[PDB]
Amino acid sequence: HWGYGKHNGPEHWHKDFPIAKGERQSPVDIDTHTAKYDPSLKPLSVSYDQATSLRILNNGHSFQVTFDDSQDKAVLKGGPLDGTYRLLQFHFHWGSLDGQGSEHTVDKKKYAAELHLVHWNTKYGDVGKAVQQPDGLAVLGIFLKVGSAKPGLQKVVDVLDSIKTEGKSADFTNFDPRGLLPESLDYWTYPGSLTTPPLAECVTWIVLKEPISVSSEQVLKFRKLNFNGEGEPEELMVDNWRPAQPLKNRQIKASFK
Ligand SMILES: NS(=O)(=O)c1ccc(NC(=O)Nc2ccc(F)cc2)cc1
Ligand SMILES: [Zn+2]
């Protein structure tokens, strides 16, 4: 099926998911001097104090930390959003080299990785229903640059050895995702899509201005994961990012000046 290689990568996805060429595809380049400050945008409300992490898992295209989304526990609200969105999972996209790896870009600049905190609109009842709606998901995107270590990321780094290959998972309870956030919650926002198949056009994107810094040792451990399953020819899980897509008839709004 689909992946990030030369014969199944982003240039191939449209054949099984024709919405790949749709009108609100993600990621995009954020042109900072074309994004307009919108003074009617509210501050984001990130309420993660009650977050309950469950598992960490290699799904053959990234690794994901999953949360209990059966109650309002870890929710995103405010910003451009109406209503309440529950945190379901987070995952990353990263490169083979530090100059590439993010999905969104900023004035064509690529960061070393990008964190996606995936939330779904509780008015649709379950995530499967939400992905069929134009306002079903809100993904909070955070850029990673290589510099100083991110202490809140180390517990994730520590366990990646135990989920090296596709299909492996581990208990990952009591993880606090607040340790992955930068200081500022200033943000760009636009309407877009999932960046992996099925590429559904169901996402309000909220991309934070301020990257987090992670150490070279931390991102190196990302690069030691495998796309393949156990026992099969080792292909390093690197460059699992979709490139920027046409902005088409969309405006990116900034919450800052
Ligand atoms: N890389 S991204 O845009 O943040 C993203 C987030 C979520 C998905 N996929 C997803 O959530 N699928 C899903 C559908 C129904 C379910 F019940 C659960 C998951 C794909 C890309
Ligand atoms: Zn993602």
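Ligands are counted one by one from 1 in listed order, and the atoms in each one are counted from 1 as well. All residue numbers refer to positions in the sequence shown, counting from 1.
Heavy atoms of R242 come nearer than 4.0 angstrom to ligand 1 in no pair at all. Not a single heavy atom of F90 lies less than 4.0 angstrom from ligand 1.
Under 4.0 Å is where a charged nitrogen must lie from a carboxylate oxygen, and between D69 and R86 no such pair does.
Within 4.0 Å of atom 13 (C) of ligand 1, not a single protein heavy atom is present. Per-atom contact check: atom 1 (N) of ligand 1 touches the protein, criterion being a heavy-atom distance below 4.0 Å.
What sits closest to atom 6 (C) of ligand 1 on the protein, heavy atoms only, is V118 CG2, 3.7 Å. What sits closest to atom 15 (C) of ligand 1 on the protein, heavy atoms only, is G128 CA, 3.7 Å. Scanning the protein heavy atoms around atom 21 (C) of ligand 1, the nearest turns out to be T196 OG1, 3.3 Å. In this structure, atom 18 (C) of ligand 1 lies nearest to the protein heavy atom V127 CG1, 3.5 Å.
The shortest distance between side-chain heavy atoms of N58 and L160 does not fall below 4.5 Å.
Here the two rings, on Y85 and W120, have centers that are 6.0 Å apart or farther.
The number of heavy-atom neighbours closer than 6.0 Å to NZ of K155, taken from other residues, nucleotides and ligands shown, is above 12. Atom NZ of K209 sits in a crowded spot, with more than 12 heavy atoms from other residues, nucleotides or ligands closer than 6.0 Å.
In this comparison of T195, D69, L117, the heavy atom closest to atom 3 (O) of ligand 1 sits on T195.
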